Every structure is written in C-alpha cells, then in structure tokens.
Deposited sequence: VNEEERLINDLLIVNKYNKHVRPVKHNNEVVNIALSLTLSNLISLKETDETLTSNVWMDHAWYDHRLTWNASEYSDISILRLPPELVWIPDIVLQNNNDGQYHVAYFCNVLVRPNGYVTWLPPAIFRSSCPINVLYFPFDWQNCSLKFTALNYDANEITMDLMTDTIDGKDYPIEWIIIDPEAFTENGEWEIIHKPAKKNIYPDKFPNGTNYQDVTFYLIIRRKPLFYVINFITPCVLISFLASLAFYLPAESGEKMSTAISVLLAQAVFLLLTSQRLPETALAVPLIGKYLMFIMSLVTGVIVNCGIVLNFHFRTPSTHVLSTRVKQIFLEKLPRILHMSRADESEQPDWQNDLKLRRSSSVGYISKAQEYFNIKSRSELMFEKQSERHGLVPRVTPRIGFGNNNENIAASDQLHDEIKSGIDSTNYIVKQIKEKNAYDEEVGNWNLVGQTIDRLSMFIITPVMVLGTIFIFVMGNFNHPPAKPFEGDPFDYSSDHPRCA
C-alpha cells in the first residue's frame, strides 16, 4: 500500500508540526471557508430558550505541507487523515447554552494532492436564542448560530462563506444547506428563511479574536394547531358561555353559579398557559392578553349578575320603587330594546278584615313583580352591551394574531432573498 509510504513522508520525514498554522511566511492569512448543513431541527423548547439542532459543519482550507506529486507515488488522488494528526481550525459555536463549543464527532479530514483539505464533522448544538412571545402561539422566532475563531486573530486566519460553481462562475453559499430528500420537517416549526452572513466588527481590531464572525440565521414559524385545538377553541367557547348568564332567569337560582364556573374554567386555562412560556417580561403574549381581557369581562359579568339579583329581590318592606326608576326601566328601555245581632256584625268585620289583608298582599305582590321586570330589563341591556364586546374583542385579537407572517425578506434593509435558488449574480 503506497498510502503508508506517502503518509510517512508527509508526517514523519517532513516533521509535520500540527500546532503551527499552514503558512509559508508568518504574515500570511489562512482562509477557512465554512458552510453549515442542517440535518434536522430537534427542538426549540421556549421555557429555557434553547435551540437544539443537528448540523454538519463543512470546513475547507489549504495546507501547503500536505501536498504531494501523485505520479511520484501511485496515482493516489486523495487521503484520509485523523484530525489529531493535522492542523485543524478550531471554530466554536460561541452562543451555546450547555458548554459544548466543539463538534460531536471528530471525523477524518480529506486531503487532495494539491493540499486542499476538507473536514465535515457532524455536531449537536444547543444554542441560546431569545423567544419573542408577543404573538404566541402565532409567533415566528429568529434564532441564530454564531461561529467564531477563538484560537487565532483576524490577521492570522480569515473566515469566509464557502463558494460553489454552476456554470463557471463561483458564488458564496449565503444560506444554510438543507437536503430536500433527507431533511424531515420539524413537528412544530416551519423554516421560512435561512441566511448566512460573515460579520465584521469595525470597532474592534484585526489583531483580536472578537473581530470576525460567521452567523447562520433560522427564521422559523410555529405551526399553531396544537394550541388552537387544545387551548384557544375550548377557552373561546367557555368564555362565550358567560353571556348566557343574562338569558338565565333569576328564578332559576343559578346565574352566579354559571358565571363563576366560567371564571374558574378560565383560571384553569390560565394555569395551563402559564407553563408553556418563559418568564420574560418584554411583552404579554397574545393568548395572555386575551385571557386577561376575557377574565376581566367575565368578572364584570359576575358583578352585573349580582346587581341584577339585588334588584330582583327588593320588596316594598325594604326598598322604594321611585318614579324615575319606573320610567327608565319600564317605559324607555323596554321600548328601545324591543322587549316582549252581634254575631253578624262580627262576621262582617272578619270578612272586611280578610278582604283588606288580601288587597294589601296583592299590592305587595304586584310591586314585587315590578321589581322583577326591572331586573329583566337590566339583564337585556347587559347582554346587548357585553355580548358584542366579547365577540368583537375575541375576533379582533385573534385576527391580529393570525396576521403575523414573517417579513418574507430577512435583513429589512437588504433586497436579497438569501434563497438557495437565486445565488448572487
């Protein structure tokens, strides 16, 4: 096997020092072109704002020491060397969560006779991307993977986006590479944009490790089906049930029970929602806004049911039905609301007394009925005022939520799509 002789010549006879940059003079710059391939998006659990992803880092650089004349040996046009034997550019994910800066598997490098070295190690990365909860669960997130070279400054090695050729002209690969066949879409998230950028920071200096950067962005949109089915629709229906309390007669002593039970169910939904989101305080989530609004409205409904019951049960022995109240709630509003021989002397005295008592009882009852009518009018007015508010508020909130598509072009000031279909020039 000529490979043994070739590798011995390359590493042992030539005294290859893997701790020294591959430059002939110690002022040149080693160019490392790197690219990212997304094998699968594992998770974006929002509680701790961590993006877990399976990615393949592609590396490419030149090493003049690993060059040979293929004819002087057998026609060997490629080699596989372990990375522990050759110089490797340590490019680390800087914004990681768990303390894993490096790739998971240190695979062999590939070397051509001209010294071109390609390294494609796979990695699982857990990067931190903050969550914008403003339109949850109709939100889209903008997570980033930031790669820096902390072993050498910018004067020593330059990071670049990898390039590819189609028809004799090479262009940079300004996006995350996704294999359409192998890639399986995430259960919860849809990828909208995936740009890549090389960032320079002019306020720093080239003789530092915080001057260069290569960032890969993932603009992903949540798929709102689990939440729509399990959280929003049952909550919306249970909230709409609160308006029926006004249609429920006061004689059926269950207005307050209905309203309070609706409030309790909404509290349960609030408890469920609280666990799904981080503790951040940038904004109230859309679902949180709706829950607050609906809980306040249902509390108002409970208060108004209490007032109606207080009105319904007034009697002439404890309250006076003033003329103003009678006119307002029996003439105006119902029209506006389109609402729908001593023994015989003793006997005579006894029957007169009975008649007087019955007349008094009848007057008492009719005024009680007047109070009942006042209560019914208040119910009708409350329903007409609150049901439209509830319905319109719900509709407005959730169409605002449903109208939150990503901007369709990342980097607002940029006219480029960063799409793999249309490379620059």
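* Asked: Hey, which stretches of the deposited sequence didn't make it into the model?
  -> Missing from the model are residues 1, 342-415, 501.
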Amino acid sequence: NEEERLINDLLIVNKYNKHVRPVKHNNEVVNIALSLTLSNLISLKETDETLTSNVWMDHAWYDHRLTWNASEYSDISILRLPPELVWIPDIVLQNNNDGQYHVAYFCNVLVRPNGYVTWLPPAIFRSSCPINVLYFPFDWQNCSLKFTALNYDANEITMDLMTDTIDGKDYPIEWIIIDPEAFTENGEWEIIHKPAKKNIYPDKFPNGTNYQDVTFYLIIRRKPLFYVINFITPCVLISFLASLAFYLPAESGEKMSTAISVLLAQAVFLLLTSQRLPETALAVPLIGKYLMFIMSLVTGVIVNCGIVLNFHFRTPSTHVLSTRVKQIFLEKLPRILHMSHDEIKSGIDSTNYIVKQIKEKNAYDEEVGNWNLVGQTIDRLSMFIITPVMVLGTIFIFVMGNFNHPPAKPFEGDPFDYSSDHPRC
From here on, numbers count along this sequence of modelled residues.
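Rigid core (definition): largest C-alpha set, two forms, superposition within 1.5 Å.
* Which stretch is more displaced from the shown form in 8 other deposited structures of this protein, 213-221 or 175-183, with RMS over structures and residues of Cα positions after a rigid core fit? -> Of the two stretches, the larger average C-alpha offset in 8 other deposited structures of this protein falls on 175-183.
* Fitting on the core, do the C-alphas of 244-252 or of 118-126 deviate more in 8 other deposited structures of this protein? -> Relative to the shown form, the greater RMS C-alpha distance in 8 other deposited structures of this protein belongs to 244-252.
* Give yes or no for this: do at least a third of the other compared entries, each modelling residues before and after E84, lack coordinates for it? => No: coordinates for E84 present in every compared entry.
* To do: Go through the other compared entries with residues on either side of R314 and state whether a third or more give it no coordinates.
  => Across the compared entries, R314 is modelled every time.
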